[PDB]
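Below you'll find the structure, written out as structure tokens, and then a few comments.
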Amino acid sequence: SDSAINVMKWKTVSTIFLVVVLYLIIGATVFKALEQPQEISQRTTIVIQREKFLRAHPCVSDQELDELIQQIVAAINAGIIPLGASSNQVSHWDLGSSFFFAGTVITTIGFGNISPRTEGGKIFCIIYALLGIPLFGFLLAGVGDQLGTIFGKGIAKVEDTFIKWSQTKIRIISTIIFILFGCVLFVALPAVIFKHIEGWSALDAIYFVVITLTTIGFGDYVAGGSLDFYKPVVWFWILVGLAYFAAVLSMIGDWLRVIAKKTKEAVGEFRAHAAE
Amino acid sequence: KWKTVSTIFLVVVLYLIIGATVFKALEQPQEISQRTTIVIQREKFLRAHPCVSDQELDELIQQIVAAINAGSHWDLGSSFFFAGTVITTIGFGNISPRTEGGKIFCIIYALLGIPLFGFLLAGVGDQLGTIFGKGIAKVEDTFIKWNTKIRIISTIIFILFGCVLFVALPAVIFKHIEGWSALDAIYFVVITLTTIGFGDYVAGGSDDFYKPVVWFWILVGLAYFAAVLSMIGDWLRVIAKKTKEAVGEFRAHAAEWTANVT
Ligand SMILES: CCCCCCCO[C@@H]1O[C@H](CO)[C@@H](O)[C@H](O)[C@H]1O
Ligand SMILES: CCCCCCCCCCCCCCCC
Ligand SMILES: CCCCCCCCCCCCCCCC
Ligand SMILES: CCCCCCCCCCCC
Ligand SMILES: CCCCCCCCCCCC
Ligand SMILES: CCCCCCCCCC
Ligand SMILES: CCCCCCCC
Ligand SMILES: CCCCCCCC
Ligand SMILES: CCCCC
Ligand SMILES: [K+]
Ligand SMILES: [K+]
């Protein structure tokens, strides 16, 4: 009964492993069905513009033109805007941007738009993270409980205004108004204000909002690029929005417990009778 | 009634301000070195090739900048690893979806995959947390009866043997493939398994016995830092309670000090 439940646990983990593997295979085929075609469209139309530029200027160093392009791609790893118009440039590690960089590291967002290139900054970032990630975690948990009780007060009013002539079902009305206001306060309202500032689409905003507050942080779209009244309230929104998806992603996990137990007993009965 | 969050808020803001000044002290110098020497190669190129001119180079750069939005990627295996980043919330960003449908799929794929992977990780964490538990049951006998502080010797051997298993040795298997420095490896290892994932260092550059085991290592290494980052939070809880009573005494001894001086 000590190492029995361990045998009962290893069976549980191994099944979840295959669920994730299949889930990754499911997603993979969907992305390469959605992305690999439009890749080859650009892949073949960039070969057009190369042979445009090579024949229009044969006296360019043909075999040493990619060496130019790749040293620009090596320079993509820095925030370059190397041009003849605006040869003068601005720091990407300035007084405010390095503050935002640390904001990504402790939240583990880490967009990657700007990464440290100095061996000193790398060793500092390692220690700054190993200490800042837990530090920020206690802030978030406090903000989560702080916000989780602000929600508790607003629902005490609403769960009286709908008391006509059961508990188990009133709980569902309460969970709706959280996601309702939540996707308004922490999805809708931010994504809209990012649309008039960043000039995105309507999807690019919510895509950004999700990728950011799910602490995935690709860095393809970043809000820190665009008053400077702006960036202080942004990382504040992130703090509370991270606390928001923390509950959202935790609720989705609870739903998947139910769906796992419903489908366990379902196939259990399905295979048990087998004659129906 | 007591918030206690406001005080933690200022600690983080202060901690961000500390880190910020340190980073621009560390990075803004070498930024100027590179960005003044990129202006070097640019006038190098126009002088070494009068064939090319100013009015002919910006259109080359901007179409490379248009290629920044693109770069076979997304192949049979690459899209698998892409999904591996999304559910773990690593998200290097080396390759991101450009299609309107791929974004809407990625949003849903994450909202469902992140919690799903969380149950896998929690099982692997408890699975590994008891594998470690049996190794220390042996060790917490052989020299513990022999001659509060015994906890500390045991906790060292975890970080010791863990930073071997989950930092040292994995960092040196990737030196097989691309080991430039001893720092870039451990920098990569930390940034990866902390789920920060900048993407400046990843295996996708200049790229099948390798990539399957790597994602496996990630699964177990993510569980490793999960405990490591959770232990560090516990020690900070201790250090917070140590420094609470410390100011408690010094503000108390200075209290009736100012009364004794009357
Ligand atoms: C784990 C096996 C231990 C064997 C140690 C051998 C180390 O050599 C490495 O072998 C790699 C081939 O795989 C090459 O790419 C690298 O040139 C080199 O760094
Ligand atoms: C490359 C940066 C390394 C920073 C981490 C230091 C190693 C881990 C600390 C081990 C030092 C001995 C234990 C003393 C208490 C921290
Ligand atoms: C034991 C049955 C394994 C197959 C379960 C269905 C896999 C379909 C993946 C997408 C479903 C996600 C929601 C349900 C999670 C169990
Ligand atoms: C890098 C962080 C340095 C220490 C932060 C200040 C600690 C003193 C404030 C604690 C008040 C209780
Ligand atoms: C070298 C110390 C790095 C900062 C981590 C400890 C700071 C203590 C935080 C104060 C808690 C109230
Ligand atoms: C534009 C698509 C918006 C709907 C995304 C899916 C909603 C999931 C709610 C949890
Ligand atoms: C409660 C947030 C409202 C912010 C509005 C800013 C524009 C006036
Ligand atoms: C966002 C909802 C997608 C619905 C597709 C059909 C589900 C069976
Ligand atoms: C090597 C740089 C360390 C800064 C704390
Ligand atoms: K991330
Ligand atoms: K993360």
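FYI, nothing fancy with the structure tokens labels: chains A, B, ... in order, residues from 1 per chain, ligands from 1 as they appear.
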
Return as a Markdown table the residues of chain A lying at most 7 Å from chain B, together with the closest atom-to-atom pair for each and the distance in Å to one decimal, counting only C-alpha atoms, with rows in chain order and ascending residue number.
```
| residue | atom | partner | partner_atom | distance |
| --- | --- | --- | --- | --- |
| A:13 | CA | B:123 | CA | 5.4 |
| A:16 | CA | B:120 | CA | 5.8 |
| A:17 | CA | B:120 | CA | 6.2 |
| A:20 | CA | B:117 | CA | 6.6 |
| A:24 | CA | B:83 | CA | 5.8 |
| A:25 | CA | B:80 | CA | 6.2 |
| A:27 | CA | B:83 | CA | 6.4 |
| A:28 | CA | B:79 | CA | 4.6 |
| A:31 | CA | B:102 | CA | 6.2 |
| A:32 | CA | B:74 | CA | 5.3 |
| A:34 | CA | B:102 | CA | 6.0 |
| A:35 | CA | B:99 | CA | 6.6 |
| A:36 | CA | B:74 | CA | 5.6 |
| A:57 | CA | B:51 | CA | 6.9 |
| A:59 | CA | B:51 | CA | 5.8 |
| A:60 | CA | B:51 | CA | 6.2 |
| A:82 | CA | B:39 | CA | 6.7 |
| A:83 | CA | B:58 | CA | 6.5 |
| A:84 | CA | B:54 | CA | 6.8 |
| A:93 | CA | B:28 | CA | 5.4 |
| A:94 | CA | B:24 | CA | 6.6 |
| A:98 | CA | B:20 | CA | 4.8 |
| A:99 | CA | B:20 | CA | 4.6 |
| A:102 | CA | B:16 | CA | 6.0 |
| A:103 | CA | B:16 | CA | 6.8 |
| A:105 | CA | B:196 | CA | 6.4 |
| A:108 | CA | B:196 | CA | 4.1 |
| A:109 | CA | B:196 | CA | 5.5 |
| A:110 | CA | B:196 | CA | 4.9 |
| A:111 | CA | B:198 | CA | 5.7 |
| A:112 | CA | B:198 | CA | 3.8 |
| A:115 | CA | B:198 | CA | 6.9 |
| A:116 | CA | B:27 | CA | 6.5 |
| A:117 | CA | B:27 | CA | 6.9 |
| A:118 | CA | B:27 | CA | 6.2 |
| A:120 | CA | B:26 | CA | 6.4 |
| A:121 | CA | B:26 | CA | 5.5 |
| A:122 | CA | B:187 | CA | 6.6 |
| A:126 | CA | B:187 | CA | 6.5 |
| A:130 | CA | B:229 | CA | 6.7 |
| A:134 | CA | B:233 | CA | 5.1 |
| A:135 | CA | B:233 | CA | 6.9 |
| A:136 | CA | B:12 | CA | 6.5 |
| A:139 | CA | B:8 | CA | 5.8 |
| A:142 | CA | B:5 | CA | 5.4 |
| A:143 | CA | B:5 | CA | 6.8 |
| A:207 | CA | B:103 | CA | 6.4 |
| A:210 | CA | B:107 | CA | 6.5 |
| A:215 | CA | B:89 | CA | 6.0 |
| A:216 | CA | B:89 | CA | 4.2 |
| A:217 | CA | B:91 | CA | 6.0 |
| A:218 | CA | B:93 | CA | 3.9 |
| A:219 | CA | B:93 | CA | 6.0 |
| A:220 | CA | B:93 | CA | 6.8 |
| A:249 | CA | B:115 | CA | 6.1 |
| A:252 | CA | B:115 | CA | 6.7 |
| A:253 | CA | B:115 | CA | 5.1 |
```

Legend entry - Environment of ligand 3 within 7 Å, counting only C-alpha atoms and all ligand atoms, reported as JSON, numbers by chain: {"A": [19, 23, 256, 259, 260]}

Legend entry - DSSP alpha helix (DSSP H) residues within segment 81-254 of chain B, listed as an MDAnalysis selection string: chainID B and resid 81:88 100:142 150:162 169:178 182:193 211:254

Using only C-alpha atoms and all ligand atoms, tabulate the residues of chain A lying at most 9 Å from any atom of ligand 5, each with its closest atom pair and that distance in Å to one decimal, by chain and increasing residue number, as JSON lines.
```
{"residue": "A:128", "atom": "CA", "partner": "ligand 5", "partner_atom_place_in_ligand_line": "3 (C)", "distance": 8.4}
{"residue": "A:131", "atom": "CA", "partner": "ligand 5", "partner_atom_place_in_ligand_line": "5 (C)", "distance": 6.4}
{"residue": "A:132", "atom": "CA", "partner": "ligand 5", "partner_atom_place_in_ligand_line": "5 (C)", "distance": 7.9}
{"residue": "A:135", "atom": "CA", "partner": "ligand 5", "partner_atom_place_in_ligand_line": "5 (C)", "distance": 7.8}
```

For the residues selected in the previous step, produce a file with N, CA, C and O atoms as a PDB file, in the first residue's frame.
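Saved as out.pdb:
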```pdb
ATOM      1  N   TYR A 128      19.785  36.611 -11.635  1.00  0.00           N
ATOM      2  CA  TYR A 128      18.629  37.494 -11.511  1.00  0.00           C
ATOM      3  C   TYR A 128      17.326  36.733 -11.713  1.00  0.00           C
ATOM      4  O   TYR A 128      16.314  37.049 -11.078  1.00  0.00           O
ATOM      5  N   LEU A 131      16.618  34.033  -8.772  1.00  0.00           N
ATOM      6  CA  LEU A 131      16.128  34.718  -7.587  1.00  0.00           C
ATOM      7  C   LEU A 131      14.887  35.556  -7.864  1.00  0.00           C
ATOM      8  O   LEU A 131      14.032  35.686  -6.981  1.00  0.00           O
ATOM      9  N   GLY A 132      14.762  36.118  -9.071  1.00  0.00           N
ATOM     10  CA  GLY A 132      13.635  36.984  -9.368  1.00  0.00           C
ATOM     11  C   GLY A 132      12.357  36.247  -9.699  1.00  0.00           C
ATOM     12  O   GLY A 132      11.265  36.739  -9.397  1.00  0.00           O
ATOM     13  N   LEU A 135      10.763  35.415  -6.365  1.00  0.00           N
ATOM     14  CA  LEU A 135      10.339  36.698  -5.807  1.00  0.00           C
ATOM     15  C   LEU A 135       9.052  37.188  -6.458  1.00  0.00           C
ATOM     16  O   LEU A 135       8.085  37.537  -5.771  1.00  0.00           O
TER      17      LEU A 135
END
```

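Among A:127, A:80, A:179, A:8, the residue with the shortest atom-to-atom distance to ligand 2, counting only C-alpha atoms and all ligand atoms, is A:127.
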
Inset, instruction - Please check which protein, DNA or RNA residues sit within 7 Å of ligand 1, counting only C-alpha atoms and all ligand atoms, and write them as a ChimeraX atom specification. - result: /B:173,175-177

Expected file: the selected residues, N, CA, C and O atoms, as a compact mmCIF listing (two decimals), in the first residue's frame:
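Output contents, as saved in again_4.txt:
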```txt
# COMPACT_ATOMS: atom_id res chain seq x y z
N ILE B 173 26.10 17.55 -23.25
CA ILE B 173 25.66 16.83 -24.44
C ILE B 173 25.37 17.81 -25.56
O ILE B 173 25.58 17.50 -26.74
N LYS B 175 27.06 20.45 -26.06
CA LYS B 175 28.36 20.87 -26.58
C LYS B 175 28.83 19.96 -27.71
O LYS B 175 29.57 20.41 -28.60
N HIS B 176 28.45 18.68 -27.68
CA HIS B 176 28.59 17.83 -28.86
C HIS B 176 28.09 18.54 -30.12
O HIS B 176 28.79 18.60 -31.13
N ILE B 177 26.88 19.09 -30.05
CA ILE B 177 26.25 19.65 -31.25
C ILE B 177 26.77 21.06 -31.52
O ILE B 177 27.40 21.32 -32.55
```

Legend entry - Straight-line distance linking atom CA of residue 149 of chain A with atom CA of residue 169 of chain A, stated in Å to one decimal: 20.9 Å

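Of the listed residues (B:37, B:260, B:154, B:53), B:37 comes nearest to residue 87 of chain A; the distances count only C-alpha atoms.
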
Legend entry - Pick from B:220, B:213, B:40, B:163, whichever lies nearest to ligand 2 using only C-alpha atoms and all ligand atoms: B:163

Legend entry - atom CA of residue 248 of chain B to atom CA of residue 262 of chain B, distance in Å rounded to a single decimal: 21.8 Å

Inset, instruction - Name the residues in contact with residue 246 of chain A at a cut-off of 10 Å, using only C-alpha atoms, excluding same-chain residues fewer than 3 positions from it; report them as number ranges by chain. - result: A: 140-141, 144, 213-215, 240-243, 249-251

Selected residues written out with C-alpha atoms, as a tab-separated table (two decimals), in the first residue's frame:
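selection_22.tsv written:
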```tsv
chain	number	residue	atom	x	y	z
A	140	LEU	CA	1.68	37.29	-8.15
A	141	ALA	CA	0.16	34.98	-5.52
A	144	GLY	CA	-4.03	36.71	-7.18
A	213	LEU	CA	-0.33	36.45	-20.28
A	214	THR	CA	0.03	32.69	-20.83
A	215	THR	CA	3.73	33.49	-20.26
A	240	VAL	CA	-2.84	41.50	-12.97
A	241	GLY	CA	-3.44	39.75	-16.29
A	242	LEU	CA	-0.92	37.07	-15.33
A	243	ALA	CA	-2.93	36.64	-12.14
A	249	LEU	CA	-5.67	28.19	-16.83
A	250	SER	CA	-6.37	26.68	-13.40
A	251	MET	CA	-10.10	26.48	-14.11
```

Inset, instruction - Return as a ChimeraX atom specification every polymer residue, whether protein, DNA or RNA, with at least one atom no more than 9 Å from an atom of ligand 7; count only C-alpha atoms and all ligand atoms. - result: /A:185,189-190,193

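You can rank B:159, B:259, B:252, B:203 by their closest distance to ligand 2 using only C-alpha atoms and all ligand atoms, and at the top of that list sits B:159.
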
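Coordinates place atom 1 (C, counted along the ligand's line) of ligand 9 at a distance of 6.8 Å from atom CA of residue 124 of chain A.
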
Identify, on the basis of only C-alpha atoms, every residue whose closest approach to residue 62 of chain A does not exceed 10 Å; exclude the query and any residue fewer than 6 positions from it along the same chain; express the result as a compact mmCIF listing (two decimals) with C-alpha atoms, in the first residue's frame.
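Result saved to selection38.txt:
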```
# COMPACT_ATOMS: atom_id res chain seq x y z
CA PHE A 53 19.07 41.63 -57.58
CA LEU A 54 21.90 39.41 -58.86
CA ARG A 55 21.13 39.85 -62.57
```

Inset, instruction - Name the closest residue to ligand 6 among the candidates A:203, A:258, A:180, A:90; distances are taken between atoms, counting only C-alpha atoms and all ligand atoms. - result: A:203
